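Structure first, then comments.
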Amino acid sequence: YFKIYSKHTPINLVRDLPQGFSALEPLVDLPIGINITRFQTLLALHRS
Amino acid sequence: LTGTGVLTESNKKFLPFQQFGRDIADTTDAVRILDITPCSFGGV
Ligand SMILES: *[C@@H]1O[C@H](CO)[C@@H](O[C@@H]2O[C@H](CO)[C@@H](O)[C@H](O)[C@H]2NC(C)=O)[C@H](O)[C@H]1NC(C)=O
C-alpha cells in the first residue's frame, strides 16, 4: 500500500520553516504494491 | 465486529477517514456516528 498523508496551512513568512505543531490527516491510501527506490519532484516553470 | 451494548446518539465529531473509535483501555466505544454504551449491570 502507498499511503499519502496531506495537510494544508496558511503561513506568513518570507523564507523560513514554519514553527508550531500540526496534525497530518490521511489523504489517500493507494492499493498499488510496487517497488520504489528513487523519486523526483515536478516543478512548473514560467515562460514569456 | 460483534458485541453487546446500547446504541446512543453521539455528540463527538469523527473524521472521514475514521471508522472506529476506542477510548481508554483500547475497547470499542464508537462505531460508524453511534456511541456504544453497555447496558446497566452491577452487583446484587
Ligand atoms: C527494488 O529494486 C531494487 C533494484 O534497484 C532492489 O535492490 C536490489 O535488490 C537485490 C535483491 O533482489 C540486491 O541483490 C541488489 O544488490 C539490490 N540493489 C540495490 C542497488 O539496492 C530492491 O531489493 C527492490 N526492492 C523490493 C522490495 O523488491
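By convention in this document, the chains of the C-alpha cells carry letters A, B, ... by their order, each chain's residues are numbered from 1, and ligands are numbered from 1 in the order they are shown.
Backbone DSSP over chain A yields strand (DSSP E) at residues 2, 3, 4, 5, 26, 27, 28, 29 and 30 of chain A.
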Subject >> 10 Å contacts from chain B to chain A using only C-alpha atoms, as an MDAnalysis selection string >> reply: chainID B and resid 15:18
Save the residues we just selected, N, CA, C and O atoms, as a PDB file, in the first residue's frame?
```
ATOM      1  N   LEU B  15     -13.963  11.867  11.779  1.00  0.00           N
ATOM      2  CA  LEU B  15     -13.317  12.303  10.553  1.00  0.00           C
ATOM      3  C   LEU B  15     -13.691  11.360   9.418  1.00  0.00           C
ATOM      4  O   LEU B  15     -14.052  10.201   9.657  1.00  0.00           O
ATOM      5  N   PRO B  16     -13.637  11.829   8.167  1.00  0.00           N
ATOM      6  CA  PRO B  16     -13.994  10.946   7.043  1.00  0.00           C
ATOM      7  C   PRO B  16     -13.167   9.673   6.977  1.00  0.00           C
ATOM      8  O   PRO B  16     -13.689   8.630   6.563  1.00  0.00           O
ATOM      9  N   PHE B  17     -11.896   9.721   7.370  1.00  0.00           N
ATOM     10  CA  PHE B  17     -11.036   8.547   7.322  1.00  0.00           C
ATOM     11  C   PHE B  17     -11.160   7.658   8.554  1.00  0.00           C
ATOM     12  O   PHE B  17     -10.588   6.562   8.565  1.00  0.00           O
ATOM     13  N   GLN B  18     -11.883   8.091   9.581  1.00  0.00           N
ATOM     14  CA  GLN B  18     -12.021   7.332  10.817  1.00  0.00           C
ATOM     15  C   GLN B  18     -13.340   6.571  10.816  1.00  0.00           C
ATOM     16  O   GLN B  18     -14.395   7.146  10.523  1.00  0.00           O
TER      17      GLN B  18
END
```
Subject >> Near-ligand residues for ligand 1, threshold 12 Å, only C-alpha atoms and all ligand atoms, as number ranges by chain >> reply: A: 33-38
I need the residues from that last selection saved to file as an mmCIF file, in the first residue's frame (with N, CA and C atoms), if you can.
```cif
data_model
loop_
_atom_site.group_PDB
_atom_site.id
_atom_site.type_symbol
_atom_site.label_atom_id
_atom_site.label_comp_id
_atom_site.auth_asym_id
_atom_site.auth_seq_id
_atom_site.Cartn_x
_atom_site.Cartn_y
_atom_site.Cartn_z
ATOM 1 N N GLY A 33 1.134 -1.440 -4.565
ATOM 2 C CA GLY A 33 2.081 -2.509 -4.312
ATOM 3 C C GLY A 33 3.178 -2.627 -5.350
ATOM 4 N N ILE A 34 4.043 -1.617 -5.433
ATOM 5 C CA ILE A 34 5.168 -1.613 -6.357
ATOM 6 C C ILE A 34 6.440 -1.292 -5.584
ATOM 7 N N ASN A 35 7.576 -1.526 -6.237
ATOM 8 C CA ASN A 35 8.885 -1.299 -5.639
ATOM 9 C C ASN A 35 9.371 0.096 -6.014
ATOM 10 N N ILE A 36 9.638 0.921 -5.006
ATOM 11 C CA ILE A 36 10.058 2.304 -5.198
ATOM 12 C C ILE A 36 11.371 2.520 -4.460
ATOM 13 N N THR A 37 12.363 3.041 -5.167
ATOM 14 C CA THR A 37 13.675 3.326 -4.595
ATOM 15 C C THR A 37 14.117 4.764 -4.819
ATOM 16 N N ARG A 38 13.797 5.347 -5.972
ATOM 17 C CA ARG A 38 14.184 6.710 -6.302
ATOM 18 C C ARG A 38 12.959 7.486 -6.763
#
```
Original post:
Neighbours of residue 3 (chain B) within 12 Å (only C-alpha atoms; same-chain residues fewer than 5 positions away dropped), as a ChimeraX atom specification?
Top reply: /B:27-31,36-39
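From CA of residue 20 (chain A) back to CA of residue 19 (chain B), the distance works out to 28.2 Å.
CA of residue 32 (chain B) lies 10.9 Å from CA of residue 7 (chain B).
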Subject >> Test item: residues at most 12 Å from residue 35 (chain B), only C-alpha atoms, excluding those fewer than 5 positions along its chain, as a list in words >> reply: residues 5, 6, 7, 8, 9, 10, 11, 12, 13, 14, 19, 20, 21, 22, 23, 28, 29 and 30 of chain B
Find the residues near residue 19 (chain A): any atom within 12 Å, counting only C-alpha atoms, skip ones fewer than 6 places away on the same chain, and give them as an mmCIF file with N, CA, C and O atoms, in the first residue's frame.
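Writing done, so here's selection.cif:
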```cif
data_model
loop_
_atom_site.group_PDB
_atom_site.id
_atom_site.type_symbol
_atom_site.label_atom_id
_atom_site.label_comp_id
_atom_site.auth_asym_id
_atom_site.auth_seq_id
_atom_site.Cartn_x
_atom_site.Cartn_y
_atom_site.Cartn_z
ATOM 1 N N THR A 9 -1.678 24.553 5.257
ATOM 2 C CA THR A 9 -1.577 25.563 6.303
ATOM 3 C C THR A 9 -1.302 26.937 5.706
ATOM 4 O O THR A 9 -0.505 27.048 4.763
ATOM 5 N N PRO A 10 -1.951 27.991 6.208
ATOM 6 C CA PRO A 10 -1.575 29.354 5.804
ATOM 7 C C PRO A 10 -0.432 29.875 6.666
ATOM 8 O O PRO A 10 -0.512 29.869 7.897
ATOM 9 N N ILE A 11 0.637 30.329 6.010
ATOM 10 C CA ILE A 11 1.842 30.793 6.685
ATOM 11 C C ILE A 11 2.176 32.184 6.160
ATOM 12 O O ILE A 11 1.853 32.538 5.025
ATOM 13 N N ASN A 12 2.829 32.982 7.006
ATOM 14 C CA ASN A 12 3.115 34.384 6.712
ATOM 15 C C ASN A 12 4.587 34.706 6.960
ATOM 16 O O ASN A 12 4.931 35.700 7.604
ATOM 17 N N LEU A 13 5.481 33.864 6.452
ATOM 18 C CA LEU A 13 6.912 34.140 6.476
ATOM 19 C C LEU A 13 7.399 34.441 5.061
ATOM 20 O O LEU A 13 6.634 34.402 4.092
#
```
Original post:
Near residue 30 (chain A), counting only C-alpha atoms, which residues have an atom at most 10 Å away, once you skip same-chain residues fewer than 6 positions from it, shown as a VMD selection string?
Top reply: chain A and resid 1 to 4
